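In the form deposited in one PDB entry, a lone chain appears below as C-alpha coordinates.
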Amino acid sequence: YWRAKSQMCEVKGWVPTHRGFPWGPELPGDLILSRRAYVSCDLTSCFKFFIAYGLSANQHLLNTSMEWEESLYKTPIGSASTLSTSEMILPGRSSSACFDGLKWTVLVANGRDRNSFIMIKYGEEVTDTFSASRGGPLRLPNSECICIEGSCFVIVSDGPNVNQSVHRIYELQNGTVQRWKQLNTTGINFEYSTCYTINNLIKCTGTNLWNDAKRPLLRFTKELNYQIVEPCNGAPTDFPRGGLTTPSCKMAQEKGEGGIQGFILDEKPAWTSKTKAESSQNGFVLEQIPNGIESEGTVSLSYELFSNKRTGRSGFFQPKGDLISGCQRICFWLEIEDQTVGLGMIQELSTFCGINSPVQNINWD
(Lines give C-alpha, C1' and ligand atoms only; values in the text may rest on other atoms or scores of the structure.)
Protein backbone atom coordinates (compact mmCIF):
# COMPACT_ATOMS: atom_id res chain seq x y z
CA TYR A 1 0.00 0.00 0.00
CA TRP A 2 2.10 2.79 -1.49
CA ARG A 3 2.16 6.30 -0.04
CA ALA A 4 3.79 9.22 -1.81
CA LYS A 5 6.92 10.21 0.11
CA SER A 6 7.00 12.97 2.72
CA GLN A 7 7.83 16.00 0.57
CA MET A 8 7.90 17.15 -3.03
CA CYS A 9 11.47 17.28 -4.29
CA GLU A 10 12.63 20.78 -5.13
CA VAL A 11 12.29 21.21 -8.88
CA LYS A 12 14.79 23.52 -10.60
CA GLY A 13 14.83 21.87 -14.02
CA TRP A 14 13.47 19.03 -16.14
CA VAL A 15 15.52 16.30 -17.80
CA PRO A 16 14.26 13.64 -20.24
CA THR A 17 14.32 10.05 -19.01
CA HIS A 18 12.95 8.74 -22.29
CA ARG A 19 13.60 10.11 -25.75
CA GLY A 20 14.16 7.84 -28.72
CA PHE A 21 15.43 7.98 -32.28
CA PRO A 22 13.77 8.53 -35.67
CA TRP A 23 11.99 5.38 -36.86
CA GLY A 24 12.50 6.70 -40.33
CA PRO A 25 10.32 7.01 -43.44
CA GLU A 26 9.48 3.31 -43.52
CA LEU A 27 8.35 1.32 -40.49
CA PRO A 28 8.68 -2.40 -39.75
CA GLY A 29 5.36 -4.26 -39.89
CA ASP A 30 4.83 -5.38 -36.30
CA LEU A 31 4.61 -1.98 -34.60
CA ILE A 32 1.35 -1.13 -32.86
CA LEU A 33 -0.22 2.22 -33.80
CA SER A 34 -1.56 4.03 -30.75
CA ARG A 35 -3.25 7.13 -29.37
CA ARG A 36 -4.17 8.56 -25.95
CA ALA A 37 -0.99 7.14 -24.43
CA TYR A 38 0.11 7.83 -20.84
CA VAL A 39 2.55 6.51 -18.23
CA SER A 40 1.97 4.73 -14.93
CA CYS A 41 4.51 2.98 -12.73
CA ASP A 42 4.53 0.19 -10.18
CA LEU A 43 7.17 -0.33 -7.48
CA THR A 44 10.04 -1.31 -9.81
CA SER A 45 9.29 -0.03 -13.32
CA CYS A 46 7.04 2.21 -15.44
CA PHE A 47 4.64 1.38 -18.27
CA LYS A 48 3.09 2.92 -21.37
CA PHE A 49 -0.67 2.56 -21.56
CA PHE A 50 -2.24 3.28 -24.94
CA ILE A 51 -5.25 2.74 -27.15
CA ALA A 52 -4.24 0.47 -30.01
CA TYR A 53 -6.01 0.79 -33.37
CA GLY A 54 -3.73 -0.72 -36.01
CA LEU A 55 -0.47 -2.21 -37.27
CA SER A 56 2.45 -0.40 -38.92
CA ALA A 57 2.36 -2.86 -41.83
CA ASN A 58 -0.73 -0.87 -42.82
CA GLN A 59 1.03 2.50 -42.38
CA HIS A 60 -0.24 3.62 -45.80
CA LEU A 61 -3.51 1.65 -45.95
CA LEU A 62 -5.33 3.05 -42.92
CA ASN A 63 -7.52 6.11 -42.53
CA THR A 64 -5.98 8.85 -40.43
CA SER A 65 -7.29 8.64 -37.93
CA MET A 66 -9.43 5.54 -37.19
CA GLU A 67 -12.31 5.52 -34.68
CA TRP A 68 -12.97 1.78 -35.04
CA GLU A 69 -12.27 -1.26 -32.87
CA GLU A 70 -9.85 0.04 -30.28
CA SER A 71 -8.14 -1.84 -27.48
CA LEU A 72 -6.01 -0.81 -24.50
CA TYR A 73 -2.49 -2.18 -24.45
CA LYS A 74 0.50 -1.84 -22.15
CA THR A 75 4.22 -1.80 -22.92
CA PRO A 76 7.24 -1.60 -20.61
CA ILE A 77 8.77 1.88 -20.72
CA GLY A 78 12.03 1.52 -22.64
CA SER A 79 10.54 -1.00 -25.04
CA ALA A 80 8.97 -0.18 -28.40
CA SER A 81 5.29 -1.17 -28.69
CA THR A 82 5.21 -4.31 -30.85
CA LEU A 83 3.07 -7.45 -31.18
CA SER A 84 5.78 -9.32 -29.27
CA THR A 85 6.39 -6.75 -26.51
CA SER A 86 2.91 -5.38 -25.76
CA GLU A 87 0.16 -6.94 -23.65
CA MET A 88 -3.60 -6.63 -24.17
CA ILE A 89 -5.60 -5.47 -21.17
CA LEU A 90 -9.18 -4.60 -22.22
CA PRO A 91 -11.11 -3.22 -25.20
CA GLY A 92 -11.55 0.51 -24.63
CA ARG A 93 -11.85 4.00 -26.08
CA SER A 94 -10.31 5.86 -23.16
CA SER A 95 -8.67 4.49 -20.03
CA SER A 96 -6.96 5.06 -16.72
CA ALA A 97 -4.57 2.84 -14.77
CA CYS A 98 -2.87 2.90 -11.37
CA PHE A 99 -0.90 0.61 -9.05
CA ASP A 100 -1.87 0.59 -5.36
CA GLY A 101 1.17 -1.26 -4.04
CA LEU A 102 -0.32 -4.70 -4.51
CA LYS A 103 -2.24 -4.85 -7.79
CA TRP A 104 -3.06 -2.87 -10.92
CA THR A 105 -6.39 -1.11 -11.19
CA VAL A 106 -7.37 -0.49 -14.80
CA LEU A 107 -10.42 1.39 -16.01
CA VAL A 108 -11.68 1.46 -19.60
CA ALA A 109 -14.65 3.21 -21.15
CA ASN A 110 -16.51 1.65 -24.06
CA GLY A 111 -19.45 2.73 -26.17
CA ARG A 112 -20.60 6.14 -27.31
CA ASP A 113 -23.99 7.59 -26.43
CA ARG A 114 -26.24 6.20 -23.69
CA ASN A 115 -24.96 2.63 -24.03
CA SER A 116 -21.55 3.88 -22.85
CA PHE A 117 -20.28 2.25 -19.66
CA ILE A 118 -17.06 1.68 -17.73
CA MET A 119 -15.28 -1.57 -16.85
CA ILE A 120 -12.92 -1.80 -13.87
CA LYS A 121 -10.24 -4.50 -13.60
CA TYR A 122 -8.26 -5.44 -10.51
CA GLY A 123 -5.36 -7.83 -11.10
CA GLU A 124 -6.66 -10.12 -13.87
CA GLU A 125 -10.40 -10.03 -13.12
CA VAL A 126 -13.10 -7.52 -14.03
CA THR A 127 -14.48 -6.41 -10.67
CA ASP A 128 -16.94 -3.61 -11.34
CA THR A 129 -19.02 -1.84 -14.00
CA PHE A 130 -21.25 1.22 -14.16
CA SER A 131 -23.24 2.96 -16.89
CA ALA A 132 -23.68 6.54 -18.05
CA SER A 133 -26.03 8.72 -15.98
CA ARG A 134 -26.12 11.78 -18.26
CA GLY A 135 -26.61 10.44 -21.79
CA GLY A 136 -23.24 11.30 -23.34
CA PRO A 137 -20.25 9.00 -23.64
CA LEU A 138 -18.44 8.15 -20.41
CA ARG A 139 -14.92 9.50 -20.63
CA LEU A 140 -11.75 8.54 -18.81
CA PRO A 141 -8.91 11.05 -18.67
CA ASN A 142 -6.27 8.95 -20.46
CA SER A 143 -3.87 9.49 -17.60
CA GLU A 144 -2.66 7.83 -14.40
CA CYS A 145 -5.31 7.59 -11.71
CA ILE A 146 -4.09 8.24 -8.18
CA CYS A 147 -3.78 5.63 -5.40
CA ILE A 148 -3.32 6.44 -1.71
CA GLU A 149 -3.16 3.79 1.03
CA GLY A 150 -5.24 1.30 -0.96
CA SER A 151 -7.71 3.89 -2.25
CA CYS A 152 -7.58 4.89 -5.92
CA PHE A 153 -9.05 8.10 -7.26
CA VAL A 154 -10.06 8.90 -10.82
CA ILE A 155 -12.19 11.54 -12.52
CA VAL A 156 -14.88 10.34 -14.93
CA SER A 157 -16.63 12.65 -17.38
CA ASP A 158 -20.17 12.29 -18.66
CA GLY A 159 -22.58 14.35 -20.77
CA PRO A 160 -23.04 14.53 -24.57
CA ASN A 161 -22.13 18.20 -24.75
CA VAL A 162 -19.14 20.31 -23.70
CA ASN A 163 -21.55 23.09 -22.65
CA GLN A 164 -23.31 20.70 -20.28
CA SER A 165 -20.76 18.14 -19.13
CA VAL A 166 -20.68 16.52 -15.70
CA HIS A 167 -17.59 15.36 -13.85
CA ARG A 168 -17.16 13.08 -10.85
CA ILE A 169 -14.35 12.02 -8.56
CA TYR A 170 -14.60 8.27 -8.00
CA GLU A 171 -13.10 6.50 -5.00
CA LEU A 172 -12.15 2.89 -5.69
CA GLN A 173 -10.85 0.01 -3.58
CA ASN A 174 -9.79 -3.30 -5.13
CA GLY A 175 -11.41 -2.22 -8.39
CA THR A 176 -14.71 -1.59 -6.59
CA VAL A 177 -16.57 1.74 -6.48
CA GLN A 178 -16.83 2.90 -2.86
CA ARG A 179 -18.22 6.38 -3.43
CA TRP A 180 -18.09 9.41 -5.70
CA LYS A 181 -18.56 13.18 -5.56
CA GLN A 182 -20.21 15.08 -8.39
CA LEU A 183 -18.51 18.41 -8.95
CA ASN A 184 -20.10 21.82 -9.50
CA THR A 185 -18.44 22.71 -12.80
CA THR A 186 -21.17 25.05 -14.09
CA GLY A 187 -19.66 27.59 -16.47
CA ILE A 188 -16.66 25.41 -17.33
CA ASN A 189 -15.58 22.09 -18.88
CA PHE A 190 -13.07 19.77 -17.22
CA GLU A 191 -11.77 17.08 -19.61
CA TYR A 192 -8.47 15.19 -19.88
CA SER A 193 -7.70 15.31 -16.15
CA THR A 194 -4.07 14.58 -15.30
CA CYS A 195 -3.37 14.32 -11.61
CA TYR A 196 -0.70 13.84 -8.97
CA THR A 197 -0.73 13.40 -5.19
CA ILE A 198 1.23 15.19 -2.49
CA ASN A 199 0.92 14.85 1.29
CA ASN A 200 -2.45 13.07 1.04
CA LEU A 201 -3.80 15.71 -1.36
CA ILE A 202 -4.69 15.15 -5.00
CA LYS A 203 -4.15 17.90 -7.54
CA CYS A 204 -5.43 17.57 -11.08
CA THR A 205 -5.10 19.83 -14.11
CA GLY A 206 -8.03 19.85 -16.52
CA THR A 207 -8.77 20.93 -20.08
CA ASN A 208 -11.64 23.22 -21.11
CA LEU A 209 -12.88 22.31 -24.60
CA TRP A 210 -15.76 24.78 -24.38
CA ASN A 211 -15.02 28.36 -23.32
CA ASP A 212 -11.51 28.69 -21.88
CA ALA A 213 -7.89 28.78 -23.06
CA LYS A 214 -6.77 28.73 -19.44
CA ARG A 215 -6.54 25.40 -17.64
CA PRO A 216 -8.92 24.76 -14.74
CA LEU A 217 -7.32 23.22 -11.66
CA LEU A 218 -8.71 20.76 -9.12
CA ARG A 219 -7.63 20.08 -5.55
CA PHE A 220 -9.28 17.46 -3.35
CA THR A 221 -8.93 15.24 -0.29
CA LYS A 222 -9.58 11.56 0.47
CA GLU A 223 -13.00 12.61 1.80
CA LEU A 224 -13.76 14.19 -1.57
CA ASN A 225 -13.83 17.70 -0.16
CA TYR A 226 -12.93 19.71 -3.23
CA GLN A 227 -11.99 23.09 -4.64
CA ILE A 228 -11.75 24.17 -8.27
CA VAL A 229 -9.26 26.95 -8.99
CA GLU A 230 -8.63 29.21 -11.99
CA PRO A 231 -5.08 30.43 -12.72
CA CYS A 232 -4.65 34.13 -11.95
CA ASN A 233 -2.00 34.27 -14.68
CA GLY A 234 -2.20 36.28 -17.87
CA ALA A 235 -0.61 33.44 -19.83
CA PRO A 236 -2.93 30.74 -21.25
CA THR A 237 -1.44 27.24 -21.62
CA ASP A 238 -4.11 25.35 -23.56
CA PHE A 239 -3.95 24.85 -27.32
CA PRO A 240 -5.56 26.51 -29.07
CA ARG A 241 -5.26 29.82 -27.18
CA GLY A 242 -5.01 33.59 -27.65
CA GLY A 243 -2.12 35.91 -26.79
CA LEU A 244 -1.03 37.36 -23.44
CA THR A 245 -3.52 39.42 -21.43
CA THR A 246 -3.59 41.40 -18.18
CA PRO A 247 -3.28 38.97 -15.25
CA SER A 248 -6.64 38.31 -13.56
CA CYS A 249 -8.57 35.32 -12.27
CA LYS A 250 -10.92 35.64 -15.24
CA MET A 251 -11.23 32.79 -17.72
CA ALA A 252 -9.42 33.27 -21.03
CA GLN A 253 -12.32 33.41 -23.46
CA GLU A 254 -10.28 34.00 -26.63
CA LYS A 255 -10.04 30.74 -28.60
CA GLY A 256 -11.45 28.96 -25.57
CA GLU A 257 -13.03 26.39 -27.86
CA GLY A 258 -10.95 23.27 -28.25
CA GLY A 259 -7.99 22.14 -26.20
CA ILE A 260 -5.49 19.36 -25.61
CA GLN A 261 -4.52 17.38 -22.51
CA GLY A 262 -1.88 19.27 -20.53
CA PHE A 263 -0.53 19.84 -17.04
CA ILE A 264 0.06 22.50 -14.41
CA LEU A 265 2.19 21.76 -11.37
CA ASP A 266 0.19 23.46 -8.62
CA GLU A 267 2.73 23.78 -5.81
CA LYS A 268 4.45 26.47 -3.76
CA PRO A 269 6.54 27.49 -6.62
CA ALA A 270 4.37 26.58 -9.61
CA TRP A 271 5.37 25.18 -13.00
CA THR A 272 3.45 25.96 -16.18
CA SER A 273 3.70 24.23 -19.57
CA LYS A 274 2.60 25.03 -23.14
CA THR A 275 3.56 25.21 -26.81
CA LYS A 276 6.14 27.86 -27.74
CA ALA A 277 3.70 30.04 -29.70
CA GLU A 278 -0.10 30.10 -30.01
CA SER A 279 0.06 30.12 -33.80
CA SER A 280 1.27 26.52 -34.02
CA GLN A 281 1.52 23.30 -31.99
CA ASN A 282 5.32 23.34 -32.05
CA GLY A 283 7.82 23.39 -29.19
CA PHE A 284 7.32 23.10 -25.43
CA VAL A 285 8.25 25.52 -22.65
CA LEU A 286 8.26 25.10 -18.87
CA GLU A 287 7.99 28.23 -16.73
CA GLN A 288 8.41 28.56 -12.97
CA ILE A 289 6.15 30.80 -10.87
CA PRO A 290 7.47 31.17 -7.24
CA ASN A 291 4.38 32.88 -5.78
CA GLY A 292 2.14 30.03 -6.95
CA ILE A 293 -0.34 29.93 -9.83
CA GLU A 294 -3.02 31.82 -7.89
CA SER A 295 -0.64 34.78 -7.97
CA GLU A 296 0.12 37.12 -10.83
CA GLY A 297 2.00 35.22 -13.50
CA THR A 298 5.55 36.25 -12.65
CA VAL A 299 8.09 33.95 -14.31
CA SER A 300 11.49 33.34 -12.71
CA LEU A 301 12.66 30.36 -14.76
CA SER A 302 11.89 29.57 -18.40
CA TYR A 303 13.09 26.40 -20.13
CA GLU A 304 12.52 25.81 -23.83
CA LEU A 305 12.64 22.02 -24.07
CA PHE A 306 11.56 22.01 -27.72
CA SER A 307 11.44 24.66 -30.45
CA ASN A 308 10.40 23.01 -33.73
CA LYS A 309 9.14 19.53 -32.71
CA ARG A 310 5.39 19.18 -33.13
CA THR A 311 3.98 18.70 -29.65
CA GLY A 312 0.78 17.12 -28.29
CA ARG A 313 -0.73 15.79 -25.08
CA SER A 314 1.13 15.89 -21.75
CA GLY A 315 0.33 14.73 -18.23
CA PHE A 316 1.75 13.71 -14.86
CA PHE A 317 3.12 10.45 -13.57
CA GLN A 318 4.86 9.58 -10.33
CA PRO A 319 7.53 6.89 -10.01
CA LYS A 320 6.66 4.67 -7.02
CA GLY A 321 10.11 3.58 -5.92
CA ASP A 322 13.15 5.86 -5.70
CA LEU A 323 15.52 3.86 -3.54
CA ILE A 324 17.86 6.86 -3.52
CA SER A 325 15.74 9.93 -2.68
CA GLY A 326 13.71 10.48 0.48
CA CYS A 327 11.54 12.95 -1.39
CA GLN A 328 8.66 12.32 -3.80
CA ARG A 329 9.71 12.82 -7.42
CA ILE A 330 7.43 14.25 -10.10
CA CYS A 331 7.63 13.44 -13.80
CA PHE A 332 5.57 14.15 -16.90
CA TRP A 333 5.05 12.43 -20.25
CA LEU A 334 4.71 14.32 -23.53
CA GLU A 335 3.68 13.38 -27.06
CA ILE A 336 6.27 14.40 -29.62
CA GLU A 337 5.83 13.68 -33.33
CA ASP A 338 8.44 11.62 -35.15
CA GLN A 339 8.53 13.87 -38.22
CA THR A 340 10.45 11.22 -40.17
CA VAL A 341 7.18 9.24 -40.17
CA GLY A 342 4.43 10.83 -42.26
CA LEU A 343 0.93 11.87 -41.19
CA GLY A 344 1.67 11.91 -37.45
CA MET A 345 1.47 8.13 -37.35
CA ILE A 346 4.16 8.06 -34.67
CA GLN A 347 3.77 10.18 -31.55
CA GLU A 348 6.63 9.21 -29.29
CA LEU A 349 5.70 9.29 -25.62
CA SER A 350 8.68 11.14 -24.14
CA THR A 351 9.15 11.50 -20.37
CA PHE A 352 10.76 14.24 -18.26
CA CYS A 353 11.56 14.23 -14.54
CA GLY A 354 12.19 17.13 -12.20
CA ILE A 355 15.59 17.61 -10.58
CA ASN A 356 16.79 19.64 -7.57
CA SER A 357 19.71 20.86 -9.63
CA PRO A 358 19.47 23.63 -12.25
CA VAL A 359 20.21 22.55 -15.82
CA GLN A 360 21.18 24.10 -19.15
CA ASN A 361 18.33 25.39 -21.31
CA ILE A 362 19.06 22.74 -23.95
CA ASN A 363 16.80 22.24 -26.98
CA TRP A 364 15.78 18.60 -27.37
CA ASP A 365 14.82 18.97 -31.05
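Think of the rigid core as the biggest set of C-alphas that the two forms share within 1.5 Å after superposition. Numbering starts at 1 and runs along the sequence shown. Shifts are known only where both forms have a C-alpha.
Keep in mind that the form deposited in another entry is not shown, yet the notes after this line are about it.
Taking the core as reference between this form and the one not shown, the lone member of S325, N308, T44, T340 whose Cα moves by 2 Å or more is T340. Annotation for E296: C-alpha shift under 2 angstroms between this form and the one not shown, rigid core superposed. If you fit the rigid core between this form and the one not shown, you'll see the Cα of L62 move by 2 angstroms or more. Distance between the C-alpha atoms of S65 and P91: shorter in that other deposited form than here (change of 3 Å or more). Figure legend: C-alpha atoms of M66 and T237, shown here, are separated by at least 3 angstroms more in that other deposited form.
Mapped along the sequence, displacements between this form and the one not shown of 2 angstroms or more at every C-alpha, sustained over at least 3 residues after core alignment, occur at 20-28, 58-67, 338-346.
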